[PDB]
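Results of the structural survey
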Amino acid sequence: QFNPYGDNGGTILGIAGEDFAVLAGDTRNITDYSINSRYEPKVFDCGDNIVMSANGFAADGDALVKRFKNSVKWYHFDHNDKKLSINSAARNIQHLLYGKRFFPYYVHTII
Amino acid sequence: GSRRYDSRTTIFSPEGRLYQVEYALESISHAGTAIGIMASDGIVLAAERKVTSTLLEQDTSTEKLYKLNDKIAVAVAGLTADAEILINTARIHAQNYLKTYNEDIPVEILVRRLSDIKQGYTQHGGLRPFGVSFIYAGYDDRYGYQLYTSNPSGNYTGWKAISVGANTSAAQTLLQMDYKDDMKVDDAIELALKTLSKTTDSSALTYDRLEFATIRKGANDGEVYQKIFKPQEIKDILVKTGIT
Amino acid sequence: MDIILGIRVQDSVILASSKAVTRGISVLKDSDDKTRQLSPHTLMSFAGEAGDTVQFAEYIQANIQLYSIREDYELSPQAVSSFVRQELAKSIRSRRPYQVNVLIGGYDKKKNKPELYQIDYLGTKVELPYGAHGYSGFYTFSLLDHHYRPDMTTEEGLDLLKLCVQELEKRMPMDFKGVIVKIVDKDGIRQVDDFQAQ
Amino acid sequence: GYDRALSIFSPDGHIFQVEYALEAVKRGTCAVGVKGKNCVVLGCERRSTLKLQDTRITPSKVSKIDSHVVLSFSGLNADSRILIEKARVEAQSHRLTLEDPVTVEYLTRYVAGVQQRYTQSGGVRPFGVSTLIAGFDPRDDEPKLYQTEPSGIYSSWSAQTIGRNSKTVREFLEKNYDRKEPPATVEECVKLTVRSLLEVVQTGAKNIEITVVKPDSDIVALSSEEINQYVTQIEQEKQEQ
Amino acid sequence: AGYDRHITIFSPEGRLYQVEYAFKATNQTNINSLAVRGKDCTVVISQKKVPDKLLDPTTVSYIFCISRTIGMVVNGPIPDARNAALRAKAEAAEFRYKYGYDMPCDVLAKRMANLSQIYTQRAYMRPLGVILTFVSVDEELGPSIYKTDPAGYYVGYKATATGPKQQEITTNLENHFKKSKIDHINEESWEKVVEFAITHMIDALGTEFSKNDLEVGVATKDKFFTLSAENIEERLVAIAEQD
Amino acid sequence: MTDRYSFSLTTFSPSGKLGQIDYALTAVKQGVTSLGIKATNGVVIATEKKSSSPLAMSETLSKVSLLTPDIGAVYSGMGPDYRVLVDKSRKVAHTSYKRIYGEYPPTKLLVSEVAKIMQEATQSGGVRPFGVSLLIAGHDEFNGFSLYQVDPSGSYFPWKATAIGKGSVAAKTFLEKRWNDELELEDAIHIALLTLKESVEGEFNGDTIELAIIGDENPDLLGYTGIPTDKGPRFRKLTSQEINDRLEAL
Amino acid sequence: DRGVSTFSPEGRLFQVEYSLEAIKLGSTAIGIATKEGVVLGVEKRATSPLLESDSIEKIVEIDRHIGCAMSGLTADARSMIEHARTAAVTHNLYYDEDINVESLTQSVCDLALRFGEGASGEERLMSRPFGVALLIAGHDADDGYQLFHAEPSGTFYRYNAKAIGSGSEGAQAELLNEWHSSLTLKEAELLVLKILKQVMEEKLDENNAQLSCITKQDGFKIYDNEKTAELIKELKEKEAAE
Amino acid sequence: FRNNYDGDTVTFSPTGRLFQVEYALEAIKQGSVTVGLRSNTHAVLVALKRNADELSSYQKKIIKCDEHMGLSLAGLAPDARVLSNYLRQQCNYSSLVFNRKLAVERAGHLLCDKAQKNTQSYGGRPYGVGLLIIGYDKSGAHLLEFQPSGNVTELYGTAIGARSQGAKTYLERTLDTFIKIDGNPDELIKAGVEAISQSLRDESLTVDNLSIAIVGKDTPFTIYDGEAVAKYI
Amino acid sequence: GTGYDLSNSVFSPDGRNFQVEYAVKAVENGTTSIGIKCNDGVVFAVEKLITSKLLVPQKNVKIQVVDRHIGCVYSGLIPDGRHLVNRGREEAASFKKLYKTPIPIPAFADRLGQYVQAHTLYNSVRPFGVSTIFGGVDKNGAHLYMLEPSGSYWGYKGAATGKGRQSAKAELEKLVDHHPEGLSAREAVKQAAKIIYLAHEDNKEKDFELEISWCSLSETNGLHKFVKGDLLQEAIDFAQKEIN
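Residues numbered from 1 in each chain as written, not as in the entry; some residues may be left out. Chains lettered and ligands numbered in written order. Part of a larger assembly, values for the part shown. Heavy atoms only, no water.

Going by the header, the method for this PDB entry is X-ray crystallography, and the resolution given is 2.25 Å.

On to the overall build of chain D. Summing up its helical and strand segments, chain D has 6 helices and 12 strands in all. Its C-alpha atoms give chain D a radius of gyration of 18 Å, near enough to 18 Å, the size a compact globule of 241 residues would have. Expressed as lengths along the three principal axes of its C-alpha atoms, the size of chain D is roughly 65 × 40 × 40 Å. Looking at chain D as a whole, 58% of its 241 residues are labelled buried. Taking all contacts inside chain D whose residues are at least 6 apart in sequence as the whole, residues at least 24 apart take part in 66%. Within the structure as shown, chain D displays about 10200 Å² of accessible surface, and the carbon and sulfur contribution to it stands at 45%. (Helix = DSSP H or I, 4+ residues; strand = E, 2+ residues; numbered from the N terminus. Rg over C-alpha atoms; globule rule 2.2 N^0.38 Å. Buried < 20%, exposed > 50% of the residue type's maximum accessible area, 1.4 Å probe, protein only. Contact = heavy atoms within 4.5 Å. Areas by Shrake-Rupley, 256 points an atom, 1.4 Å probe, with all protein chains shown as cover.)

In this section: the environment of E:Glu140. One can find E:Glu140 in the loop between β5 (131-138) and β6 (142-148). A residue is classified by how much of its surface remains accessible, and E:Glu140, at 74% relative accessible area, is exposed.

Residue and element names in this part refer to chain I. Across the 9 residues of strand β2 (residues 41-49), 8 count as buried, placing the element largely inside the fold. Sheet analysis places strand β1 (residues 33-38) next to β2, joined by 6 bridges and oriented antiparallel. When the bridges of β2 are listed, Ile36 appears paired with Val43. Turn length for the β1-β2 hairpin, with the two strands adjacent in sequence and antiparallel, is 2 residues. The sheet contact formed by β2 and strand β9 (residues 208-216) spans 9 bridges and is antiparallel. The residue of β9 that forms the bridge with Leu49 is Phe208. (Pairing = 2+ DSSP bridges.)

Think of two packed helices as two axes; the pair is described by the angle between the axes and how far apart they sit. Residue and element names in this part refer to chain G. One way to put it is that helix α4 (residues 168-178) packs onto helix α5 (residues 185-199) with a least axis distance of 10 Å and a crossing angle of 150°. By the angle between their axes, α4 is roughly antiparallel relative to α5. Like other packed secondary-structure pairs, α4 and α5 cross with a definite hand, here right-handed. In contact with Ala171, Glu174, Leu175 and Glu178 of α4, α5 contributes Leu191, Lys194, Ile195, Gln198 and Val199. Among the residues forming the contact of α4 with α5, the class breakdown is 5 nonpolar, 1 polar and 3 charged. (Axes fitted to C-alpha atoms, helices over the stretch in contact; angles between N-to-C directions. Parallel < 35°, antiparallel > 145°, perpendicular 65-115°, else oblique. Left-handed = near helix turned anticlockwise from the far one by under 90°. Nonpolar A, V, L, I, M, F, W, Y, C, P; charged D, E, K, R; others polar.)

Attention now moves to the interface of chain B and chain D. Across the contact, 39 residues belong to chain B and 32 residues belong to chain D. Each partner contributes to the roughly 3100 Å² buried at the junction of chain B and chain D, and carbon and sulfur atoms together form 55% of this total. Remark: the boundary between chain B and chain D carries 2 salt bridges. D:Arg81 is the salt-bridge partner of B:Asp116, the closest N and O atoms lying 3.1 Å from each other. Across the contact surface, chain B and chain D share 13 residue pairs in polar contact. (Buried area = accessible area lost by both parts, 1.4 Å probe. Salt bridge = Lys/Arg side-chain N within 4 Å of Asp/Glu carboxyl O. Polar contact = N/O pair within 3.5 Å; in protein donor to acceptor, adjacent residues only side chain to side chain.)

Moving on to the pattern of salt bridges. Per the stated rule, a full pass over the model turns up 92 salt bridges over all chains. Across the pair C:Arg36 and C:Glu58 runs a salt bridge, and its minimum N-O distance is 2.6 Å. You can see C:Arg36 sitting in strand β5 (residues 35-39) and its partner C:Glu58 sitting in helix α1 (residues 50-71), a full 22 residues away along the chain. Overall, C:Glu58 belongs to the buried group, its relative accessible area being 16%. Note that G:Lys233 is salt-bridged to G:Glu237, the shortest N-O span being 3.4 Å.

Turning to the nonpolar core, a few remarks are in order. Counting 47 residues, the largest nonpolar core has E:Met72, E:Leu108 and E:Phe134 as its most contacted members. Those elements that provide at least two residues to this core are β4 (71-75), α2 (78-99), α3 (105-121) and β5 of chain E together with β2, β5 (130-138) and β6 (141-147) of chain I. If we skip the residues at most four places from it in the chain, E:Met72 touches E:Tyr62, E:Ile63, E:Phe64, E:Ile66, E:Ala81, E:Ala84, E:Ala85, E:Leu132, E:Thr133 and E:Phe134. In this structure, B:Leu110, B:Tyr148, C:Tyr67 and C:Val102 belong to the second largest nonpolar core, which totals 43 residues. (Core = buried A, V, L, I, M, F, W, Y, C linked by side-chain atoms within 4.5 Å.)

So, on to the sheet that holds β1(I). All names here are of chain I. Taken in spatial order, the 5 strands line up as β8-β1-β2-β9-β10 in an open sheet, and their pairing is antiparallel. The two strands at the open ends of the sheet, each matched to only one other strand, are β8 (158-161) and β10 (225-226). Along the sheet, helix α4 (residues 165-178) contacts β1 and β8; its crossing angle with β8, the most-contacted strand, is approximately 170°.

This is the structure we're talking about:
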């Protein structure tokens, strides 16, 4: 049968400092035993001083990241250029994620 | 556009009246007179037929008295077709109540439901109302003998004796004259007939021009019997009364 | 399963229903009332799947209460039951059938006689001297088939229920935590506050 | 399909159909409700287009929405049926989900909103009805009287009336009801309600029907006679002079 | 009220004005057509009027090929005629698919009639200002001609004509038939029946024709076709050596 | 786009009349005469074939239609309106009856069905009443023979005999004298022929008269043999020849 | 007749203008916005002395940080407030923060022009414009205290102060004069109270005028009769001088 | 006359006019003034904002649609919202589905098609607002003018709103000059301001009064209001 | 009585559809554009009125392609025309998807006709305020077509519409009379430039921008392409020359 999911490996790590925070991730992308790419970034700058990575099934991670950046775009539009605080970005993501609770985004995300 | 040809059948006059309803009532007043008289051991429904001829077959005819279920019947005043539509649906709501609760439907519930269907055409949809008025004669374990009436405005009320159609004021006045709380079926029939006799827009009240019905709870039985009088029997009941 | 027994005496109907709600490895509550008053002379007892149970009960309650007000009248027990049956029989062919079993014990004020109806989640209805749902019936029906008499008093019926409960506490594997008894008669519905020790 | 805007604005800022619905209200029998110190009474006059009625069956003017709330109206009888049923259901629904019967206010706000809604939805004409809804909030003893109109507006009253000649009887209430001492008893409240009704009902025992609502689901309709007693004693608080 | 002359509702005399006007519309084009049945064919002639020199004369026709067997000629404006053509094609196809045989002329006619009847009864549908003459050599009935109008009427004819000078042609035609006493041109080749067709349209319209003034369509067993200017001319010649 | 005509096109006038309905009755009045006489052992319905040109082919137009094998209908008013009513009436006889009870519907019920449709055209949003009146004649094992008339309002009534359209009144009057309850079909046919003659302005023969009957069972018209319950259709359309033979006995 | 979304030859939507008229007959509502809060005061306007004045809701809370006063056919405002509330709560749910007042306001005005009879633009399911106008006042961290006037046309403006209802032109004019950057919450309460007094037919007292304010510290507070009465008294004295 | 054929957008007058659309166009002429003008490297929008009282805000007339597009409105604001929102969505779709910045020319084509539906459909209503659209894309700077009739035109510059004709003529002369203001943002703005001043009468353009927007080569569509337009008077 | 012109689907007593005809007027009040069919293709050209110098030159294109082998030009309410092209496009695609081969011109035309004719069938829509000249090259020849608001269309040797319509057709009639042989697409391009130029005289007030486009079996491969540069000037020149 068609299996809508896959695993593209990778690993990401995030650390919050006093006046900074980092979000690191490896750059390899695989499939089963083959290396798809030695350089395919998965940690992105989403504007408003917010970096995010959704690691797992790249298709899903990509879709997720796309939908969020866009959510940031519209937050500006609908709420007169206000900057999306991280706490707010978080909760927003909860909703993005939970919207697919019955056909999940097979990813573990961090911002 | 399309609005151009819309009559707005459910609007209010500056006087807070519903045109289409008022105008439907008027239509009804040109219809054959129907009467319902409630006794202490029965109910009589009698109606005067409109549109007659030497050739019209009265035997296999029923244009004014209809059976809704074994314990309830209605007399109609208005468009016979609009009538049948409401009847067929009332008959159904009766059977639904039955299936759902395994008890025959209380007369008033059936009535109220029908009145609610009419009130609809009064408040939404943009369609003409039904030019019909009903006199329901029915029996039930909670109130026994009942007589109600409904018209195009979807309003209903209960009666000891009543009439609908042409000459209501005349007939009503005659009924208020000779009716008394402790009447009896054989007497109400007479009254019913007399009343028709003096409101008829014709020469003489003949059998072929009548439809008669009674709902009696005979003592030697228990089940409420509904008897829709057959032509020969109208002729008979008519001679007895003396109209001949 | 939980226990739902009902026995129709001469002038009343007594429903007995277990006080326990267990989920998995723990008894969460020992005082549940697996019953809802449909109308002043009609009580319904229920048991089955976790949520469907109360949900179906309260829904039927609402509908019967509404009718009571719209007509300022109380539907006969027989009526209430036929209603319940049809709700069930319609449910059995829905996407997610209510998996609930009910006993309806009501006093018919018009006929002046107590009645008891047993209806299963499939909308299978029957009128009976005594009934039960679950495994309880497997013991009680024979017990009752033997000790039951049509002309018993409310008190005699209660004692009969007592026997039933005892047999059940003796032979059933689950500790159902006792029962709550309720009598439906001409003057209404009352709960026997004294059954844990009578 | 039928979605014609019937309630719409006219050059002066009026919604005719709404206003014309008020007229149908004025054309309906009077209804009064006055609240005492431990009760609320609702009286209504009786129609007269034809007579030889069966008093037993005909749907009276006061209806129970729930065991503790009543609603009387003035207007299109048929139109009122719809509001009642809709109100009753919500009365049940509210019980089912909040596990508490509605407050008179809630019930009022509900019925009210249904009316407003019909004044701005396509394909429908406003309700030709105004209502008096009274009773007591669950577990409270302070009487509640509210009134609603076809516009959808609502609010409460110490005493109030609607229907034909309500302008006349309102005056009687305005003069005879003191907010410092509302009819401190079921009796005097009934009386004051009858007195008021009399001023316009025009001496007719069988022309009046009164209902009293007390706390905790105690709602009682007076007998044709008990009222007649009120009419009698009342004609004396006018004759002894 | 006074709007009973905009939408298809009855007027106090019991008439549908919009239907009436629709009939007047059929004449807007000023073309006349006729159809006659041979012993085993059916011909319909319709004038062809190409005013403008800037048009491509071959794209002008009020004759349509509905199915391998049915031919239809319209008397009315083109946008309504084409709208009726398409549907008649859609319908004849659907019938073949669902019933396993070719839709006959009369049934196609009847079906086309019924839709018209509908515009006659529903406010939102304006009738089509066109008259449709369907012809074919039905496998069961023989040469056939069925015509329908905006009122929803349809019927079969021994021969027919339609257009501004309907009455003149009809009368000439009726006469020919009273003379013969039969119901069809007693001729073997469709070529000849086409001749009679033109011949009598001439005798009745009091006019002579050039090849680009006519449109001819024939229907034989298992086929309906429109004639070419040259086939038409072969005819025009044949008659101009008879008359 | 879309049928936004969702309101009634037939409403009530201040005099209580339903304009569109009265108007449809006028249209009926302008229509050719059609009648139906009921016998003790049959029923006949007939009408005139108003050949609208001698070029047209009369036979290719049935004004008299078989609804079921024991029921027929004829009309007066707007033919198209009729034709579509036959289609529907023929369909409903199946969908609301033969597909549920395995037997054809009885006259009054079928009539009842037809009538309901007509009523709808009197109240449904966006339509105009039908401009026809029909005479439906049939027979059914339990009611014997019948004859019904259905008006654009949707009202129907049974008749011993009647006529509708143009020469209605005169015809109604002619029937009232000739009719009686001991008429054998042949005699009613005859009477129908006479009655029809007086309305008919010009030619009168089997090529201009469409007369049909509902009588005895006709097995030769069944199309098959071997089943002793289906005895044959009772409706028969008279042939031109059969009409003439009775015409030549005026 | 003609449709409900028809443009006059002057380029305006009839039904909109007409509703704006109906709005002119409403009880006055005044709101003034200062660096210490926003006041919203309204005139109850009892149509009879038997009506229980406190049962007049013309100033509502949308959220702890947003309040609102209406003027016009007040029954039409119910669905608007609801939408306003849901809009704010929902925002808190999806973003864990307060909705900006502009944003809340803008959400309410999106309803405005959604009236029609099959207007090929979206699915406009409302038969006629709202016959009411709102004064929306609140506070957010980004743009401080704000007052907005929302009309049934879909437009809304921000005002340092504004009056709507019957006495609008007069009151507006007065406001215009009295208002200034460095006003104080109490001064504002007064002006509203004063200006209300002026345009009010009956004599302003605690049972017919209602005041309310919204401040960062305590949020939307509808002044209780006793507090307002004290202010009314504080006014008779301020006016009873010069 | 008129009174019979102006009832809706589905009726043509006997001259071939659409009055509802025409009436729509009038609300634009009633609106405040705004001007657009582009060089070969930037496109600016200067619009006069209009207050209601001396106690109110000056209605915002410019809206950013994407990082590369935006517009100034004249007329019925709601309709502006509805339309810009649509322009926002179509810009979003191009980015998301094609990773392509939407062509102003195409944005234009899309707006026209949207308005047109409300000018041939029953019960609907034309939009009542005109729009000046500017943007920088794969083919340089652009300025588009949109009218409720459905007509959209690309111009070197233009103006709309009350008294627009002043600036519209001004630019018509000033053309040869401004179209050459390449690589100098502030100047084009100035040119814009001058132009906008050609349609004034009321009072001189101030802080709360002015609204300017600029888009270009290395400049994302940015909105300048009040405190920041001071240097441009 | 009157009023037969307030609704789009209403037939007048003379059997005309007034709204369709008022539509035509909106057309006549518009720019001219023509189409000249030739020996193996068709050419289209339209006058483009220069409302102001503010207009950016050669940018507000008006001719439109459907698919890759069809040109469409119309005069009138521009948007109505665009609407008509969007459907054309959609209908072209639908045809290709199901049949693979690109839509034949006759077929394309009829698809257009039918959609336009449809806009004269209901009173909830107004007809189109444009006449469209379109055509291209297919499996068997070049095809030029013009469609009117009534949905009427036919095949043309040449065609024109808009204000300059008459002078245009005059010129066109000249061409058809003088060159019965046909015209090379090269020539037609010139001729079109002329006809437009002449036709501008019926509106000699405002200056204009010429716009041509062609589809030729040997010059553009059967694909629609616009005329730009070298080939454009040649025609503008040949035009300004014979204007005197």
